[PDB]
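The structure appears below as structure tokens.
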Amino acid sequence: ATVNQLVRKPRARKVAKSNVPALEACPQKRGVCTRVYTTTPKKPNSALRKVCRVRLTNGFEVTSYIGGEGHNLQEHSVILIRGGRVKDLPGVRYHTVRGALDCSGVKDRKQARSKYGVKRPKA
Amino acid sequence: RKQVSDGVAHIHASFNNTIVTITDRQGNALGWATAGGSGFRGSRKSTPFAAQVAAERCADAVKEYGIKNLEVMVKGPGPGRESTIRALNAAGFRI
Amino acid sequence: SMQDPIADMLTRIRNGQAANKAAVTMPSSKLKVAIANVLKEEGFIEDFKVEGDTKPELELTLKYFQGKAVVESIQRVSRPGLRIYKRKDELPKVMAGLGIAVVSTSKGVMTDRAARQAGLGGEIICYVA
Amino acid sequence: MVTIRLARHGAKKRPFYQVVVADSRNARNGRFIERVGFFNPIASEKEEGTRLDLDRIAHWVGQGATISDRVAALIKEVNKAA
Amino acid sequence: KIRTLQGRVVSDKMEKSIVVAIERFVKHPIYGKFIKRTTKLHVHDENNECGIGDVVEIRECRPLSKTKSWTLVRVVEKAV
Amino acid sequence: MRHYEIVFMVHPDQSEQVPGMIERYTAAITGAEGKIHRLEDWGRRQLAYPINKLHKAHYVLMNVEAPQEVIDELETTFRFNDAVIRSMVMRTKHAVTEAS
Amino acid sequence: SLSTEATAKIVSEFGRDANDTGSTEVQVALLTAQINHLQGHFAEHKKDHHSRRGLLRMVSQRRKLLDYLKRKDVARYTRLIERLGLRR
Amino acid sequence: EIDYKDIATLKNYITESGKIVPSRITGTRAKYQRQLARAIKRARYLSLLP
Amino acid sequence: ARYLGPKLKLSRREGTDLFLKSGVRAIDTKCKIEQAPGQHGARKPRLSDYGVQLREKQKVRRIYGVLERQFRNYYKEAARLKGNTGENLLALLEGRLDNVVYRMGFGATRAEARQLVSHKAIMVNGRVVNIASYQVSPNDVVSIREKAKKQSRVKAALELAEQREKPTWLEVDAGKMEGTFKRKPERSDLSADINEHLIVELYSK
Amino acid sequence: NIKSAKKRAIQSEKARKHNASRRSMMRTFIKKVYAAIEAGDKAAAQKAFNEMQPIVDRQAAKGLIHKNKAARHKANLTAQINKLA
RNA sequence: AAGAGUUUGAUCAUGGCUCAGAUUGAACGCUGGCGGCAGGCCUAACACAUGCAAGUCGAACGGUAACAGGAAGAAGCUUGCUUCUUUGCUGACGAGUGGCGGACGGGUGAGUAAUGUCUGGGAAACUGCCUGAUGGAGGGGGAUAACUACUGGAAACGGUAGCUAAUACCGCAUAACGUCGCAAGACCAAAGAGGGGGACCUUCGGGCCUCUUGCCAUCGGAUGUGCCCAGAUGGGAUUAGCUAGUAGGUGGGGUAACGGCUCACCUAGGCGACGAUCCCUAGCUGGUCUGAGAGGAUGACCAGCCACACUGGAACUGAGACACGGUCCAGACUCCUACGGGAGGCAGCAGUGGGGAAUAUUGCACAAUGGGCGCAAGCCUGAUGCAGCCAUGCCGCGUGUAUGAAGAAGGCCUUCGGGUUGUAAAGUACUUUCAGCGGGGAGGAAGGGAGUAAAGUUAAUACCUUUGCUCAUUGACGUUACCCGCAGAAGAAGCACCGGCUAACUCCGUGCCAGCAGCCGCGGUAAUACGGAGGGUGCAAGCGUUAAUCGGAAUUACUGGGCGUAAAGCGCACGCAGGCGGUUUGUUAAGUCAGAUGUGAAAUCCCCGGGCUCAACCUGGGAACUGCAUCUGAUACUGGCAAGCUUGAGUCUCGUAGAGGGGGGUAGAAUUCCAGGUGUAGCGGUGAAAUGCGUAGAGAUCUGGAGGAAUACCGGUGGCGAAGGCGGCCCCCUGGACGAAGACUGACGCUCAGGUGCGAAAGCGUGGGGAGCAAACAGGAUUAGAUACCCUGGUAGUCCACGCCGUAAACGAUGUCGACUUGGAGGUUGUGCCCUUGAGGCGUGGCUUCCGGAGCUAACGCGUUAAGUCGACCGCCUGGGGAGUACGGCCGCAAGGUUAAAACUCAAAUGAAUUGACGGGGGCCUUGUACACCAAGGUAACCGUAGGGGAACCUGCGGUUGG
């Protein structure tokens, strides 16, 4: 940290690490959803959790959390995925967009009803 | 063998077993005796009883030689150094 | 001392102050004289005096307020390694002007308000407070 | 060729013109040598609609500088206003 | 006498030309240290009157060759 | 050229040749440009440990001043002579002449 | 190691006057002589390493003195390095 | 002052077998002690003492 | 966007009264009060330092019928204006045309006044201005359009205007209905308990 | 393809043939001077210069070559001649 | 101007992670009224259907295909009503020639890491149109397209023959103020057209007069472009050498111009650690975002510059191009074909396919402002003005107002009384913004046209120019803004959230499931955390979620960081360049500083105004642009230069100690065997035997030989050495250290990347050597099995000579050097004074040990031998793992070493200390890792290296307290 030391090789900036690295600065990415399975969370929790395996248009194959109290996906359906990790076994760093491409809003939902792609009941 | 009533008792006081020779002033052995094999063997050796009984064995091995004064030239430290010296000298010998 | 004889003097001052030495001493040089003059004429220290010719020394006399040093923090700024020069309109106001910054201007070593009055900048020798 | 033309600034349907000394060949409101006044076609009555600063226009005209017709008519109007 | 940089001869080994290091003492933009920065600069002298170490005045002129646009004015100190 | 203290034991077996071996080395020293500052003998003393199968030794110490080199041949001869099994010499670090 | 008489004599020849054992030329002269003696006695050991450290010290100090001579006064240096024979 | 040849004032500083008594009980200024050990080892090699 | 909901409840949360059901029946007679407007209003209201900054600021927003984008815009203006941010903000809130129409009397509540302003019944300096947030400036004459002077509500909103203490910084005329914003008001004659530095702390981070 | 581009293309080629003819004739005269010089013949070279000069000087006048160019030929050839003198 | 949560029983730390803020060219979910103003392919410089984006000029020209007039004729014969023919006769004009334009405007950001950009300078240049000055503007010719007649080719595109004009071309004349030349001299140009017409001539065409405009030359201006220089403008040293028109020279040539630009010759340079070359990324700037600021990130829109136009070459023409909608040729594509041959290039506008999370109309008008051409009228203009689409952003406004309770039904909660939703509704009265309908209605329009005097000018009147006034006229937007009227509250509210942070909570349901989650975490019978309800909170035409940037984060620390134990001080030295430099003078003026001047586009930002009903927006003026340059001045400081001074550093002299290093032999302690006797039943060992020895004489004894390991005691908190490390004695050689002073030099210093050298033990390689060892290896038994442990032998190695290794817990886990700063005790050595006893007493040096004050510290601790206070330089660190590993380089006999990633992966890892629990080391007191909320324990924790072995384990030689 001598000034003559700094002049010879300046202070470098470390680089922001990989947090959602499968998305190249894109809000969402489309994917093809190869397999749909149901994993199991870490230790303190329970209640085996629905997760899908998806191949993104940019080449990546990643693991994405189908959330909501209801689910209809399949083995090739095309879905949109966005950032957001689950405190699950390592590597669920993406969240499937509920109700956007081949994906539907949860059934009978009536609160937080845009966070699952379900439309306003006409009342 | 010589009936000179003099000599030295080289106490080969090793840790496990002592083989004390009885040699005169000239430097020739009179009689030899040992602790181990002469009545007991085991790891329970290296005890003052073993050194003592070795001392009596070495004494009686040369009590027939007319020797009643044996100096002690101990080689190395051995268990029951006090015990072996006492048992050897109490047989009627002079250091 | 060896390469910066001026931080020598600041360090001797704050050493002898924190250890409650009556009067600090060092060898003398006309720029050391200059900062001593500045300090005592504006009064952060009491008095100084130089003795001998071949190896002069500087018998500077510290200044205690109650038992505390009058000089709270005295800092080197333009060390060999970063010579610091300021222009007059960017001269540094030290602790809301309460402490001086003895600058070296083209018109001799002199203090901060001195320069901003005379309207010229220069090299900052040492903040005092 | 150097010309004294107008550069349309302002917002939409509320034009404001800068009178500008420029090379004939640059975009209407692109690179320009000098600004000599402004024109507000939709100015209010108390509001100043034209300012020209005609010494510079005379200067540049003396160096061989064409005027657009709008700046020409505008200059005639300011001269009439006196 | 336009601006006449002032520097040292570091090689007269080409015919009628010298390399002249102009040594300038500029602060560091971010660390504020004053660093030595050097400008090597081919100069023309037709008389080959400069030798390694001289201190010369040089002035800018039209391009005399590739790489060569400065010309010798005076030899202010004839280093030996 | 500085003081040494030639110290050596002459055995009774080798006491046959005390003057010959001694005066020979004094002459060799003087011819090697060395002057003798002292001379004394401690007689035939006794050896605590019977080194070299003997108990007596006529300890003669000659203690001449010698330069760096003229000692090398003398100690070589001492090693090569059975008159003294082991001969010792000492540097001075000072100016000491008297024997005791 | 070097004889004191030799130091005094080199002071006489390679000193401007007497008792100027501090003169730069005197310093480099005695130091170079010590380096020469070390080089002469080097063939015998070579195995020795802790003695070599002082010899490198002597070499470097001699060169520093010579560099100071060259910097301060070219003529003194460019005469000494021959009448002493150094800087070969 | 203390040297090797003074055999008289050496018996006080040794034992029968020639074992150096430590200065922890005598007091020898720790410079005379090195000279003491030097001289007595010399005497061992001088074969006056074991 | 204008808040269009129950008016009494909006002021039950703020604790004090806000002059937004304004008239005769003297609320706490017109509708229960001193109670937070829920099924769980009886709860202890102990609320953090953030809760009270938010409550006071929110009550200032509810006094004037201003939403959060314009409110923070008023704050950015007061913070850029010269003087303490608190009074600059509250003066901005006070020179707003809906407020001043209310204050001059004609306009029974601030939403009554907002209704009149928006419905092209107010001239500012003799020309019609129907913007609610129109900042009225000193010496401007605010007047009812004469096509709308014979409004039953404006005539009624004028009797119940002296029970409200007459504002000092402006001189309404009642017979001919017209006023004159004499001067920007001062913290003292903004007759309330507005703890404005709670607001200037909410937005100071 | 635009109509004026089609016309520029036919006009360019006509002008190119015209220009090529004029430049080749000029280079012929200049080369005659240069080749009288290398023969070392002073008077032949001066006459060839007097035959080249109006040619390059009118080519420059009608814009086939720049006036600076014509001046350069005249200066260089005058040098060569006056050296050869 | 420097939040919250997040490693523990708890804590103080070190340290990463996650959310809070602002922002966006955003996207997606749910929802969606109006207006204003902006923005709108960030990805595929991917491929491109179709239309449009560059023409104009008849006042240059031959013309005359058209249309329209004529003027006729011939007719029909209406009195000539309309039909044919003729006539470029006239308006005009299609194709052609000619001029100007097409080099602008418009797009894009591929390439480009620096001659590109930015800042500031320069000199060797050219510049159409515009402008000022001066002059000229004579007299001829030959073509040729068109056209005419043929005539190929499918088409593209042609060929032949004749014909012809010009402001096309070409002579000739003329000819400086131009070029060339020292001068003398030589040389060098051009074009007409239009309007009007008195008089006069007239070959009746015109001449001729006059005006207008053009043409040519030169010299200025202005503008634009070219060229040069300096500084600044990414990353990588797992790129260190690169260059041969390369560097300079002299001459030819070339260029508008300088110049290796080029060529011939000559010379051998030139660039590079101040980073050349090479590789990667990349358009630059004004500015934008963010920030307290420094700074970081950016470079969409707007404006400046650059580059590109399918890809790669080349030029032509031109004032300008190496040319987006030009040429050529070479590709690759697509299209056309009669298979001969052709065509084309949306990085114009729109649009398509594609790709993408994702980004609009194949609109209207040239009314305005620009631009091109034209005398003008005009024509052209996807520039531009507008309109469309899209909550994409910003702004504004609305979706009502007041009243009213029987505080309704009814919903939800009900401790069953009721409460709450809630003045909310309804019912009352009132309003009618905006939306809708009808009527009106600015402003963006200046102009241009037609008519009206100056003797403007001059054949005076004409023509034209200018002002002269009058008349008519020009708006895409646009059924504009805005105003007026008319109904009717009528047409207009959603999204998130409600355990704490964090504003806002109850009931059912569910039951560690379903699920939620930024963090803490919630859920196994309530669960205010999950789903629904009711209630509330927040924001509102939006509200959420995602992504990305900056901040928080001072978490790359210049401002503004650390390296004893948390990551981090090289194993140790010497030292090159480099960074830094005691003191006093002289001088310089480099840095520095001051002043002046020039500059720093505009926009943007900021201040003060003004205009839009307001606001956004637009705008005027200022400030700002903190920079760069130049000039003048100062001299304190740093630098240079010159001279000194002695305190720094050194030389000398004299002494002092020491396992300091190298040499050689050096004797004994002990060492086994042999040499023999003396002696016969044992030598031998573990958990236990056993394996192995011996009775063939074993063990021990003395006698003598060997050889080598180490020189026990000394010995030490000792000493020495730069570190590793150093222990017999003697001598030789030698280093370093210190004390005493003196004499002298005279800043000759400190630190150092790269570099060089030294460097435990193991090892390796080379040969010896082997008294014993002792990894390996070989006998017994193991133990749950034994390749445990273990007892028996035993090689390599250990030893020596040489060489290679290059390592360590190489540890004070504390870089070097200098300076200052309360103490105490101890040892270690010198040396002065005075007891002139030897110490003594009082010092004074250096070294070292243990406390301890302030001070510092996370705490422990350090504490004049700093971990305090400072200065100089270096090395090093940035959460954990991956991993000191791969790869590359380099080194080595290999063994390996050295430099040193990345992918991937976690939300932690880690240090200090504390409460006490096991405490099988002691007399209510002693304690530990770990632990809790197992450092005395089937056999310390490691590091280096080498073996055995599936392995982690064990075992050798060395070392550490991290016991």
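These values consider heavy atoms only, across backbone and side chains, with no hydrogens, waters or symmetry-generated copies. Each chain gets a letter, A, B and so on, in the order the sequences are listed, and its residues count up from 1.
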Side-chain donor/acceptor of [X] to base of [N], under 3.5 Å:
X: J:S4; N: K:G101; value: yes
X: C:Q3; N: K:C750; value: yes
X: A:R49; N: K:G515; value: yes
X: G:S60; N: K:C574; value: no
X: D:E48; N: K:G620; value: no
X: B:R41; N: K:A689; value: no
X: I:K120; N: K:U433; value: no
X: J:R8; N: K:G101; value: yes
X: A:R8; N: K:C274; value: no

Determine: side-chain N/O of [X] to OP1/OP2 of [N], distance under 4.0 Å, yes or no.
X: A:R11; N: K:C558; value: yes
X: G:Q27; N: K:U745; value: no
X: A:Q111; N: K:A533; value: yes
X: E:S11; N: K:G270; value: yes
X: B:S38; N: K:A681; value: no
X: D:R28; N: K:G385; value: yes
X: J:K74; N: K:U179; value: no
X: I:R13; N: K:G422; value: no
X: E:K40; N: K:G272; value: yes
X: A:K115; N: K:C497; value: yes
X: F:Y4; N: K:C732; value: yes
X: G:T4; N: K:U653; value: yes
X: A:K29; N: K:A357; value: yes

Worksheet item: For K:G562 and its strand neighbour K:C563, are the base ring centres under 5.5 angstrom apart and the ring planes under 30 degrees apart?
Response: yes
Watson-Crick or G-U wobble, both distances under 3.5 angstrom: are [N] and [M] paired?
N: K:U179; M: K:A186; result: yes
N: K:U717; M: K:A784; result: no
N: K:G564; M: K:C860; result: yes
N: K:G385; M: K:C364; result: yes
N: K:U64; M: K:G892; result: no

Worksheet entry | Between K:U250 and K:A257 - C1' atom distance, rounded Å | 22 Å
Practice prompt. Go through the side-chain N and O atoms of B:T34 and B:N17 and say whether any donor and acceptor fall under 3.5 Å apart.
Written response: yes
Discussion item. Please name the nucleotide paired to K:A282 by Watson-Crick or G-U wobble geometry with both distances under 3.5 Å, or report none.
Written reply: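 When the pairing criteria are applied, nothing turns out to pair with K:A282, so the answer is none.
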Worksheet item: With a 4.0 Å cut-off on heavy atoms, is E:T39 in touch with a base, just the backbone sugar-phosphate, or nothing at all?
Response: sugar-phosphate
Discussion item. Taking CD in J:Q11 as the centre, count heavy atoms belonging to other residues, nucleotides or ligands within less than 6.0 Å. Is the count above 12?
Written reply: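 Counting neighbours around CD of J:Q11, more than 12 heavy atoms of other residues, nucleotides or ligands fall under 6.0 Å, so yes.
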Worksheet item: For A:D108, does the CG atom sit with more than 12 other heavy atoms under 6.0 Å from it, leaving out its own atoms?
Response: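 Not buried by this count: 12 neighbours or fewer within 6.0 Å.
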Discussion item. Generate the contact string for nucleotides 277-311 of chain K. Rules: B means base contact, S means sugar-phosphate contact only, - means no protein heavy atom under 4.0 Å.
Written reply: ------------------SSS-----SSS------
Practice prompt. May I ask you to decide if the ring planes of C:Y85 and E:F34 are parallel, tilted or perpendicular, using 30° and 60° as cut-offs?
Written response: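 Judged by the thresholds at 30° and 60°, the geometry between C:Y85 and E:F34 is perpendicular.
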Worksheet item: Knowing that exactly one of A:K29, A:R30, A:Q28 qualifies, which makes a side-chain contact (heavy atoms from CB on, under 4.5 Å) with A:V97?
Response: A:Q28
Worksheet item: Is there side-chain contact between A:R109 and A:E69, with at least one heavy-atom pair below 4.5 Å?
Response: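 Heavy-atom side-chain distance check fails, nothing below 4.5 Å.
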